[PDB]
Every structure is written in C-alpha cells, then in structure tokens.
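Peer 1: Below you'll find run.pdb; it's PDB, N, CA and C atoms (P, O5', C5', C4', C3', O3' and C1' of nucleotides).
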ATOM      1  N   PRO K   1      74.079 123.199  99.076
ATOM      2  CA  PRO K   1      75.213 122.322  99.461
ATOM      3  C   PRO K   1      76.275 123.071 100.276
ATOM      4  N   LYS K   2      77.292 122.370 100.788
ATOM      5  CA  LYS K   2      78.411 122.974 101.529
ATOM      6  C   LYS K   2      79.767 122.517 100.982
ATOM      7  N   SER K   3      80.762 123.382 101.130
ATOM      8  CA  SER K   3      82.154 123.197 100.725
ATOM      9  C   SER K   3      83.031 124.148 101.535
ATOM     10  N   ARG K   4      84.292 123.790 101.795
ATOM     11  CA  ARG K   4      85.292 124.732 102.314
ATOM     12  C   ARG K   4      86.548 124.770 101.455
ATOM     13  N   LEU K   5      87.222 125.912 101.471
ATOM     14  CA  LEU K   5      88.384 126.215 100.645
ATOM     15  C   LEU K   5      89.525 126.678 101.548
ATOM     16  N   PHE K   6      90.659 126.004 101.414
ATOM     17  CA  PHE K   6      91.885 126.209 102.167
ATOM     18  C   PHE K   6      92.922 126.945 101.306
ATOM     19  N   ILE K   7      93.605 127.930 101.893
ATOM     20  CA  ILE K   7      94.720 128.653 101.267
ATOM     21  C   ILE K   7      96.050 128.116 101.809
ATOM     22  N   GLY K   8      97.031 127.935 100.923
ATOM     23  CA  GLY K   8      98.408 127.651 101.331
ATOM     24  C   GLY K   8      99.055 128.800 102.118
ATOM     25  N   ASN K   9     100.338 128.660 102.437
ATOM     26  CA  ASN K   9     101.109 129.606 103.251
ATOM     27  C   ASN K   9     101.693 130.805 102.470
ATOM     28  N   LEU K  10     101.237 131.027 101.234
ATOM     29  CA  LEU K  10     101.574 132.183 100.399
ATOM     30  C   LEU K  10     101.222 133.556 101.022
ATOM     31  N   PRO K  11     100.039 133.783 101.640
ATOM     32  CA  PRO K  11      99.626 135.107 102.104
ATOM     33  C   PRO K  11     100.227 135.485 103.472
ATOM     34  N   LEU K  12     101.343 134.864 103.882
ATOM     35  CA  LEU K  12     102.107 135.191 105.096
ATOM     36  C   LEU K  12     102.948 136.470 104.874
ATOM     37  N   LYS K  13     102.240 137.554 104.560
ATOM     38  CA  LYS K  13     102.723 138.890 104.170
ATOM     39  C   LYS K  13     101.688 139.975 104.532
ATOM     40  N   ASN K  14     100.951 139.723 105.615
ATOM     41  CA  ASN K  14      99.645 140.272 105.972
ATOM     42  C   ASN K  14      98.543 140.001 104.928
ATOM     43  N   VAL K  15      97.320 139.831 105.427
ATOM     44  CA  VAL K  15      96.169 139.345 104.654
ATOM     45  C   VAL K  15      94.859 139.907 105.221
ATOM     46  N   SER K  16      93.836 140.036 104.381
ATOM     47  CA  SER K  16      92.504 140.571 104.696
ATOM     48  C   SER K  16      91.418 139.684 104.082
ATOM     49  N   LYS K  17      90.144 139.832 104.483
ATOM     50  CA  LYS K  17      89.005 139.142 103.826
ATOM     51  C   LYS K  17      89.005 139.376 102.317
ATOM     52  N   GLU K  18      89.467 140.561 101.926
ATOM     53  CA  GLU K  18      89.587 141.026 100.551
ATOM     54  C   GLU K  18      90.631 140.288  99.706
ATOM     55  N   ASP K  19      91.621 139.634 100.319
ATOM     56  CA  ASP K  19      92.558 138.739  99.627
ATOM     57  C   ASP K  19      91.819 137.468  99.179
ATOM     58  N   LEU K  20      91.039 136.851 100.069
ATOM     59  CA  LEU K  20      90.246 135.674  99.705
ATOM     60  C   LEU K  20      89.038 136.041  98.826
ATOM     61  N   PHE K  21      88.488 137.253  98.969
ATOM     62  CA  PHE K  21      87.467 137.803  98.069
ATOM     63  C   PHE K  21      87.993 137.946  96.635
ATOM     64  N   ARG K  22      89.206 138.505  96.441
ATOM     65  CA  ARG K  22      89.797 138.647  95.095
ATOM     66  C   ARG K  22      90.004 137.279  94.462
ATOM     67  N   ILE K  23      90.428 136.294  95.260
ATOM     68  CA  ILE K  23      90.563 134.895  94.852
ATOM     69  C   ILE K  23      89.188 134.361  94.422
ATOM     70  N   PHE K  24      88.281 134.033  95.350
ATOM     71  CA  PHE K  24      86.955 133.487  95.030
ATOM     72  C   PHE K  24      85.829 134.391  95.545
ATOM     73  N   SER K  25      84.952 134.805  94.631
ATOM     74  CA  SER K  25      83.658 135.452  94.901
ATOM     75  C   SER K  25      82.668 135.321  93.729
ATOM     76  N   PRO K  26      83.059 135.469  92.440
ATOM     77  CA  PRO K  26      82.143 135.283  91.307
ATOM     78  C   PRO K  26      81.950 133.798  90.939
ATOM     79  N   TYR K  27      81.781 132.931  91.938
ATOM     80  CA  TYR K  27      81.627 131.481  91.788
ATOM     81  C   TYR K  27      80.500 130.961  92.687
ATOM     82  N   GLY K  28      79.782 129.936  92.230
ATOM     83  CA  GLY K  28      78.829 129.179  93.045
ATOM     84  C   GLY K  28      77.645 129.964  93.611
ATOM     85  N   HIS K  29      77.024 129.388  94.642
ATOM     86  CA  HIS K  29      75.936 130.016  95.404
ATOM     87  C   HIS K  29      76.425 130.702  96.697
ATOM     88  N   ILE K  30      77.731 130.626  97.013
ATOM     89  CA  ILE K  30      78.414 131.311  98.137
ATOM     90  C   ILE K  30      77.902 130.899  99.532
ATOM     91  N   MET K  31      78.617 131.268 100.601
ATOM     92  CA  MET K  31      78.087 131.274 101.978
ATOM     93  C   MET K  31      78.810 132.329 102.828
ATOM     94  N   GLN K  32      80.081 132.115 103.194
ATOM     95  CA  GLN K  32      80.815 132.958 104.148
ATOM     96  C   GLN K  32      82.352 132.883 103.979
ATOM     97  N   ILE K  33      83.038 133.937 104.424
ATOM     98  CA  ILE K  33      84.501 134.049 104.541
ATOM     99  C   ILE K  33      84.930 133.850 106.006
ATOM    100  N   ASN K  34      85.981 133.059 106.248
ATOM    101  CA  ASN K  34      86.618 132.884 107.559
ATOM    102  C   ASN K  34      88.130 133.144 107.447
ATOM    103  N   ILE K  35      88.485 134.407 107.208
ATOM    104  CA  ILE K  35      89.878 134.820 107.055
ATOM    105  C   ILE K  35      90.619 134.742 108.398
ATOM    106  N   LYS K  36      91.853 134.237 108.371
ATOM    107  CA  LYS K  36      92.769 134.162 109.510
ATOM    108  C   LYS K  36      94.070 134.867 109.137
ATOM    109  N   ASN K  37      94.707 135.514 110.103
ATOM    110  CA  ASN K  37      95.810 136.454 109.877
ATOM    111  C   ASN K  37      97.139 135.820 109.407
ATOM    112  N   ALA K  38      97.275 134.492 109.406
ATOM    113  CA  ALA K  38      98.364 133.784 108.728
ATOM    114  C   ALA K  38      97.939 133.346 107.314
ATOM    115  N   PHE K  39      96.886 132.531 107.216
ATOM    116  CA  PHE K  39      96.255 132.080 105.967
ATOM    117  C   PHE K  39      94.758 131.811 106.196
ATOM    118  N   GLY K  40      93.893 132.327 105.323
ATOM    119  CA  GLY K  40      92.442 132.245 105.512
ATOM    120  C   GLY K  40      91.792 130.928 105.087
ATOM    121  N   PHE K  41      90.512 130.801 105.437
ATOM    122  CA  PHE K  41      89.583 129.809 104.905
ATOM    123  C   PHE K  41      88.341 130.485 104.305
ATOM    124  N   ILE K  42      87.705 129.806 103.356
ATOM    125  CA  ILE K  42      86.380 130.129 102.807
ATOM    126  C   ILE K  42      85.433 128.955 103.090
ATOM    127  N   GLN K  43      84.131 129.211 103.216
ATOM    128  CA  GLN K  43      83.102 128.170 103.274
ATOM    129  C   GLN K  43      81.918 128.582 102.390
ATOM    130  N   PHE K  44      81.729 127.923 101.242
ATOM    131  CA  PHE K  44      80.802 128.322 100.170
ATOM    132  C   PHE K  44      79.845 127.191  99.759
ATOM    133  N   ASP K  45      78.722 127.564  99.141
ATOM    134  CA  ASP K  45      77.780 126.651  98.492
ATOM    135  C   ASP K  45      78.158 126.444  97.002
ATOM    136  N   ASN K  46      77.888 125.241  96.479
ATOM    137  CA  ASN K  46      78.409 124.612  95.253
ATOM    138  C   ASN K  46      79.928 124.268  95.276
ATOM    139  N   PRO K  47      80.339 123.082  95.786
ATOM    140  CA  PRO K  47      81.734 122.614  95.734
ATOM    141  C   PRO K  47      82.316 122.473  94.319
ATOM    142  N   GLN K  48      81.508 122.158  93.301
ATOM    143  CA  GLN K  48      82.002 122.012  91.922
ATOM    144  C   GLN K  48      82.463 123.358  91.356
ATOM    145  N   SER K  49      81.770 124.445  91.711
ATOM    146  CA  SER K  49      82.204 125.806  91.386
ATOM    147  C   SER K  49      83.476 126.212  92.140
ATOM    148  N   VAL K  50      83.632 125.804  93.410
ATOM    149  CA  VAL K  50      84.857 126.032  94.197
ATOM    150  C   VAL K  50      86.036 125.287  93.562
ATOM    151  N   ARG K  51      85.822 124.058  93.078
ATOM    152  CA  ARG K  51      86.844 123.286  92.362
ATOM    153  C   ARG K  51      87.148 123.835  90.963
ATOM    154  N   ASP K  52      86.154 124.347  90.244
ATOM    155  CA  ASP K  52      86.334 125.047  88.964
ATOM    156  C   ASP K  52      87.077 126.388  89.147
ATOM    157  N   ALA K  53      86.887 127.039  90.294
ATOM    158  CA  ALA K  53      87.617 128.235  90.681
ATOM    159  C   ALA K  53      89.090 127.939  91.041
ATOM    160  N   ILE K  54      89.416 126.769  91.613
ATOM    161  CA  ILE K  54      90.816 126.348  91.844
ATOM    162  C   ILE K  54      91.576 126.256  90.520
ATOM    163  N   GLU K  55      91.021 125.577  89.517
ATOM    164  CA  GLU K  55      91.668 125.444  88.202
ATOM    165  C   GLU K  55      91.641 126.734  87.361
ATOM    166  N   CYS K  56      90.779 127.693  87.716
ATOM    167  CA  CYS K  56      90.753 129.048  87.170
ATOM    168  C   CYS K  56      91.875 129.911  87.767
ATOM    169  N   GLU K  57      91.882 130.066  89.093
ATOM    170  CA  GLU K  57      92.714 131.046  89.786
ATOM    171  C   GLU K  57      94.082 130.469  90.161
ATOM    172  N   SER K  58      94.136 129.247  90.706
ATOM    173  CA  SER K  58      95.377 128.524  91.044
ATOM    174  C   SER K  58      96.063 127.897  89.818
ATOM    175  N   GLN K  59      95.694 128.318  88.603
ATOM    176  CA  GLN K  59      96.292 127.832  87.361
ATOM    177  C   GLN K  59      97.810 128.080  87.359
ATOM    178  N   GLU K  60      98.582 127.121  86.849
ATOM    179  CA  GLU K  60     100.022 127.019  87.078
ATOM    180  C   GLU K  60     100.827 126.747  85.804
ATOM    181  N   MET K  61     101.868 127.555  85.612
ATOM    182  CA  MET K  61     102.886 127.422  84.572
ATOM    183  C   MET K  61     104.140 126.734  85.144
ATOM    184  N   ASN K  62     105.064 126.270  84.299
ATOM    185  CA  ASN K  62     106.283 125.570  84.727
ATOM    186  C   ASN K  62     107.376 126.502  85.318
ATOM    187  N   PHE K  63     106.984 127.347  86.274
ATOM    188  CA  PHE K  63     107.820 128.267  87.057
ATOM    189  C   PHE K  63     107.593 128.081  88.577
ATOM    190  N   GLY K  64     107.287 126.850  89.006
ATOM    191  CA  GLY K  64     107.164 126.454  90.416
ATOM    192  C   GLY K  64     105.842 126.826  91.098
ATOM    193  N   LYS K  65     105.800 126.682  92.429
ATOM    194  CA  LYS K  65     104.636 126.988  93.277
ATOM    195  C   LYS K  65     104.440 128.496  93.448
ATOM    196  N   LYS K  66     103.530 129.079  92.667
ATOM    197  CA  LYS K  66     103.118 130.491  92.735
ATOM    198  C   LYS K  66     101.739 130.706  93.362
ATOM    199  N   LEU K  67     100.852 129.707  93.344
ATOM    200  CA  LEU K  67      99.534 129.726  93.994
ATOM    201  C   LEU K  67      99.187 128.341  94.564
ATOM    202  N   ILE K  68      98.539 128.336  95.732
ATOM    203  CA  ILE K  68      98.078 127.137  96.443
ATOM    204  C   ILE K  68      96.666 127.384  96.994
ATOM    205  N   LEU K  69      95.684 126.711  96.391
ATOM    206  CA  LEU K  69      94.275 126.646  96.793
ATOM    207  C   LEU K  69      93.834 125.168  96.829
ATOM    208  N   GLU K  70      93.054 124.762  97.831
ATOM    209  CA  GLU K  70      92.607 123.370  98.008
ATOM    210  C   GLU K  70      91.155 123.293  98.503
ATOM    211  N   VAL K  71      90.315 122.474  97.861
ATOM    212  CA  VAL K  71      88.919 122.270  98.286
ATOM    213  C   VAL K  71      88.801 121.090  99.250
ATOM    214  N   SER K  72      88.057 121.283 100.336
ATOM    215  CA  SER K  72      87.486 120.232 101.181
ATOM    216  C   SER K  72      85.974 120.229 100.995
ATOM    217  N   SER K  73      85.481 119.309 100.166
ATOM    218  CA  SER K  73      84.090 119.260  99.686
ATOM    219  C   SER K  73      83.091 118.707 100.716
ATOM    220  N   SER K  74      83.327 118.986 102.002
ATOM    221  CA  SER K  74      82.474 118.601 103.127
ATOM    222  C   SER K  74      81.088 119.226 102.994
ATOM    223  N   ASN K  75      80.113 118.420 102.577
ATOM    224  CA  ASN K  75      78.713 118.801 102.416
ATOM    225  C   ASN K  75      77.964 118.822 103.769
ATOM    226  N   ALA K  76      78.655 119.271 104.816
ATOM    227  CA  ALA K  76      78.241 119.276 106.212
ATOM    228  C   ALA K  76      78.625 120.604 106.879
ATOM    229  N   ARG K  77      77.794 121.082 107.808
ATOM    230  CA  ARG K  77      77.928 122.388 108.479
ATOM    231  C   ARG K  77      77.832 122.275 109.990
TER     232      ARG K  77
ATOM    233  P     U P   1     102.899 124.663 101.614
ATOM    234  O5'   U P   1     101.386 124.270 101.889
ATOM    235  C5'   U P   1     100.650 124.879 102.935
ATOM    236  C4'   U P   1      99.424 124.027 103.278
ATOM    237  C3'   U P   1      99.832 122.634 103.782
ATOM    238  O3'   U P   1      98.935 122.225 104.802
ATOM    239  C1'   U P   1      98.430 122.448 101.947
ATOM    240  P     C P   2      99.286 122.478 106.318
ATOM    241  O5'   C P   2      97.890 122.700 107.044
ATOM    242  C5'   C P   2      96.971 121.630 107.190
ATOM    243  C4'   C P   2      95.673 122.153 107.815
ATOM    244  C3'   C P   2      94.997 121.100 108.708
ATOM    245  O3'   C P   2      94.301 121.732 109.774
ATOM    246  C1'   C P   2      93.622 121.648 106.859
ATOM    247  P     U P   3      95.083 122.341 111.023
ATOM    248  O5'   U P   3      94.529 123.832 111.158
ATOM    249  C5'   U P   3      95.165 124.925 110.509
ATOM    250  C4'   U P   3      94.574 126.289 110.892
ATOM    251  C3'   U P   3      94.125 126.388 112.360
ATOM    252  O3'   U P   3      94.485 127.687 112.809
ATOM    253  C1'   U P   3      92.404 127.021 110.944
ATOM    254  P     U P   4      94.316 128.125 114.315
ATOM    255  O5'   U P   4      95.439 129.235 114.548
ATOM    256  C5'   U P   4      95.342 130.553 114.019
ATOM    257  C4'   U P   4      94.630 131.500 115.000
ATOM    258  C3'   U P   4      94.510 132.934 114.467
ATOM    259  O3'   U P   4      93.240 133.489 114.812
ATOM    260  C1'   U P   4      95.675 132.913 116.553
TER     261        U P   4
END
Take the structure in the file and give it back as structure tokens.

Peer 2:
Amino acid sequence: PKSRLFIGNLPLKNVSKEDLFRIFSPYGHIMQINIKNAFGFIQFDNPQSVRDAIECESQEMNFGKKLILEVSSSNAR
RNA sequence: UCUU
C-alpha cells in the first residue's frame, strides 16, 4: 500500500532526513523519505501504522502545540 | 498543517 506523512512548521530550526527518521522508522512496511529544508515529508507503506505512529509520537499533553504530524493516506504513487 |  501507499501513504504520505506531513510535518508541521516545528522543525524550522534546521532539519535533516534523520529528524524524520527519529520520528517515524520502526513502523509499517516503509518506502522512502522526502526531507525538505523548511519541513519534511515521508512516503511509507501501511497507512494504519503511519496513523498509529502519529498517536505514538505526536502524543499531546495540556501544554499546547508541541508536536504536529499529519497522515495523507493516498494509496497512489 | 499539504512540499526550495
């Protein structure tokens, strides 16, 4: 299957493939990283694992917006 | 929060 993962404007402090790697890598069947120097994208296999990784890593306490991750479950390439 |  196919899925893509969008990062919010948090990593506007310089960023590397390794920032999105630390976020998501031990999830799903994987595909590729498309890091961009303002905020990156990921494109991975298994969208349900990408969505389970959002609620794992982007988990939030009542202290405002500290993490922003969003799935686009486009099963198309 | 949808792509130097």

Peer 1: Considering only N, CA and C atoms (P, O5', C5', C4', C3', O3' and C1' of nucleotides), state which residue in the set K:32, K:14, K:9, K:37 is at the smallest distance from residue 4 of chain P.

Peer 2: K:37

Peer 1: What are the closest atom pairs, with distances in Å to one decimal, for each residue of chain K lying within 9 Å of chain P, using only C-alpha atoms (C1' of nucleotides), rows by chain and rising residue number, as CSV?

Peer 2:
residue,atom,partner,partner_atom,distance
K:6,CA,P:2,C1',6.8
K:7,CA,P:1,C1',7.3
K:8,CA,P:1,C1',5.2
K:9,CA,P:1,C1',7.8
K:34,CA,P:3,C1',8.9
K:36,CA,P:3,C1',7.3
K:37,CA,P:4,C1',7.6
K:38,CA,P:4,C1',8.3
K:39,CA,P:3,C1',8.1
K:40,CA,P:3,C1',7.5
K:41,CA,P:3,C1',7.2
K:68,CA,P:1,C1',7.2
K:69,CA,P:1,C1',7.8
K:70,CA,P:1,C1',7.1
K:72,CA,P:2,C1',8.5

Peer 1: Can you list, as a compact mmCIF listing (two decimals) with N, CA and C atoms, in the coordinates of the input, the residues that the PyMOL selection byres (((chain K and resi 46 and name CA+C1') around 7) and name CA+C1') selects here?

Peer 2:
# COMPACT_ATOMS: atom_id res chain seq x y z
N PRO K 1 74.08 123.20 99.08
CA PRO K 1 75.21 122.32 99.46
C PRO K 1 76.28 123.07 100.28
N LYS K 2 77.29 122.37 100.79
CA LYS K 2 78.41 122.97 101.53
C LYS K 2 79.77 122.52 100.98
N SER K 3 80.76 123.38 101.13
CA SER K 3 82.15 123.20 100.72
C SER K 3 83.03 124.15 101.54
N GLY K 28 79.78 129.94 92.23
CA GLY K 28 78.83 129.18 93.04
C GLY K 28 77.64 129.96 93.61
N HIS K 29 77.02 129.39 94.64
CA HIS K 29 75.94 130.02 95.40
C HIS K 29 76.42 130.70 96.70
N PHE K 44 81.73 127.92 101.24
CA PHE K 44 80.80 128.32 100.17
C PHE K 44 79.84 127.19 99.76
N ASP K 45 78.72 127.56 99.14
CA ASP K 45 77.78 126.65 98.49
C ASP K 45 78.16 126.44 97.00
N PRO K 47 80.34 123.08 95.79
CA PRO K 47 81.73 122.61 95.73
C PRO K 47 82.32 122.47 94.32
N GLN K 48 81.51 122.16 93.30
CA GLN K 48 82.00 122.01 91.92
C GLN K 48 82.46 123.36 91.36
N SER K 49 81.77 124.44 91.71
CA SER K 49 82.20 125.81 91.39
C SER K 49 83.48 126.21 92.14
N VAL K 50 83.63 125.80 93.41
CA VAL K 50 84.86 126.03 94.20
C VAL K 50 86.04 125.29 93.56

Peer 1: Select from chain K everything DSSP, run on the backbone, classes as alpha helix (DSSP H), then give the selection as a ChimeraX atom specification.

Peer 2: /K:17-23,47-57

Peer 1: In terms of the shortest atom-to-atom distance over all atoms listed in the file, which of K:55, K:24, K:30, K:66 is closest to residue 43 of chain K?

Peer 2: K:30

Peer 1: Distance atom N of residue 15 of chain K-atom N of residue 42 of chain K, one decimal place?

Peer 2: 14.0 Å

Peer 1: So what do you get for atom N of residue 71 of chain K versus atom CA of residue 13 of chain K, distance-wise?

Peer 2: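 Distance between the two atoms: 21.5 Å.
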
Peer 1: What is the atom CA of residue 53 of chain K to atom CA of residue 23 of chain K distance in Å?

Peer 2: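 Atom-to-atom, atom CA of residue 53 of chain K and atom CA of residue 23 of chain K are spaced 8.4 Å apart.
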